[PDB]
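Some notes on the structure that comes next.
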Amino acid sequence: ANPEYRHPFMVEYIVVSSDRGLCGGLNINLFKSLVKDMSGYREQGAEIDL
Amino acid sequence: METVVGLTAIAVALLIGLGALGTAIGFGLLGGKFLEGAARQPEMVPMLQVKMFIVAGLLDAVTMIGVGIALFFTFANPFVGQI
């Protein structure tokens, strides 16, 4: 209803980890997906803040 | 006859002047809303501009009747005939 305003968020990494051990490689499996996506951007040439 | 003529110069001035006053204020109100609508919805301007001319035909309807009668009393005179 307000098309005249187009907030930047609507036009063209936060990482969560545990504080205790005993996990079944839960942190590793995500940290293995964080590294995979970061690679695509390093190949494309972009920098990354975390 | 001199009064019958002189009061038609004032009649013409009222008839055109009050029409000019109303039409000039009326388009300020209508046109100000056309610019407000055009800034809000740039993609609707082709439609809004045509709708403004529909309203403009009603706004000037009586003003043009007044100008027509005022020119009639200026180049012809149904009053000087004392008829």
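Labeling convention for the structure tokens: chains A, B, ... as they appear, residues from 1 per chain, ligands from 1 in order of appearance.
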Report as a tab-separated table: every residue of chain A with an atom at most 9 Å from chain B, its closest pair of atoms, and their distance in Å to one decimal, counting only C-alpha atoms, with rows sorted by chain and ascending residue number.
```
residue	atom	partner	partner_atom	distance
A:2	CA	B:40	CA	7.8
A:3	CA	B:40	CA	7.5
A:4	CA	B:40	CA	5.8
```
Neighbour list for residue 45 of chain B as a VMD selection string, cut-off 10 Å, only C-alpha atoms, skip fewer than 6 positions in-chain
chain B and resid 34 to 35 37 to 39 51
Which residue gives the smallest distance to residue 28 of chain B among B:59, B:15, B:44, B:76, with only C-alpha atoms counted?
B:59
At what distance in Å, to one decimal, does atom CA of residue 69 of chain B lie from atom CA of residue 50 of chain B?
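Interatomic distance here is 29.0 Å.
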B:73, B:63, B:43, B:82: which is nearest residue 21 of chain B, counting only C-alpha atoms?
B:63
With DSSP run on the backbone, what are the helix (DSSP H, G or I) residues within chain A? I'd like them as a PyMOL selection string.
chain A and resi 8-10+26-44
Expected file contents, prior selection, C-alpha atoms, as a PDB file, in the first residue's frame:
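Writing done, so here's out_15.pdb:
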```
ATOM      1  CA  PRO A   8      16.903  -1.492   1.482  1.00  0.00           C
ATOM      2  CA  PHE A   9      16.109  -4.755   3.372  1.00  0.00           C
ATOM      3  CA  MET A  10      13.387  -5.462   0.682  1.00  0.00           C
ATOM      4  CA  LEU A  26      26.316 -30.898  15.629  1.00  0.00           C
ATOM      5  CA  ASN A  27      28.749 -27.935  15.637  1.00  0.00           C
ATOM      6  CA  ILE A  28      31.095 -29.618  13.065  1.00  0.00           C
ATOM      7  CA  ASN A  29      28.212 -30.401  10.607  1.00  0.00           C
ATOM      8  CA  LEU A  30      27.088 -26.722  10.523  1.00  0.00           C
ATOM      9  CA  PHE A  31      30.720 -25.436  10.519  1.00  0.00           C
ATOM     10  CA  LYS A  32      31.128 -27.816   7.498  1.00  0.00           C
ATOM     11  CA  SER A  33      28.209 -25.988   5.759  1.00  0.00           C
ATOM     12  CA  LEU A  34      29.548 -22.555   6.759  1.00  0.00           C
ATOM     13  CA  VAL A  35      32.897 -23.366   5.038  1.00  0.00           C
ATOM     14  CA  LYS A  36      31.135 -24.701   1.867  1.00  0.00           C
ATOM     15  CA  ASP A  37      29.038 -21.522   1.297  1.00  0.00           C
ATOM     16  CA  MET A  38      31.955 -19.181   2.228  1.00  0.00           C
ATOM     17  CA  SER A  39      33.991 -20.967  -0.520  1.00  0.00           C
ATOM     18  CA  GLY A  40      31.430 -20.087  -3.282  1.00  0.00           C
ATOM     19  CA  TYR A  41      31.750 -16.378  -2.303  1.00  0.00           C
ATOM     20  CA  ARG A  42      35.622 -16.488  -2.071  1.00  0.00           C
ATOM     21  CA  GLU A  43      35.588 -18.044  -5.616  1.00  0.00           C
ATOM     22  CA  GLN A  44      33.109 -15.332  -6.810  1.00  0.00           C
TER      23      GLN A  44
END
```
Calculate how many Å separate atom CA of residue 67 of chain B from atom CA of residue 33 of chain B, rounding to one decimal.
26.6 Å
What does the distance between atom CA of residue 66 of chain B and atom CA of residue 31 of chain B come to in Å, to one decimal place?
22.4 Å
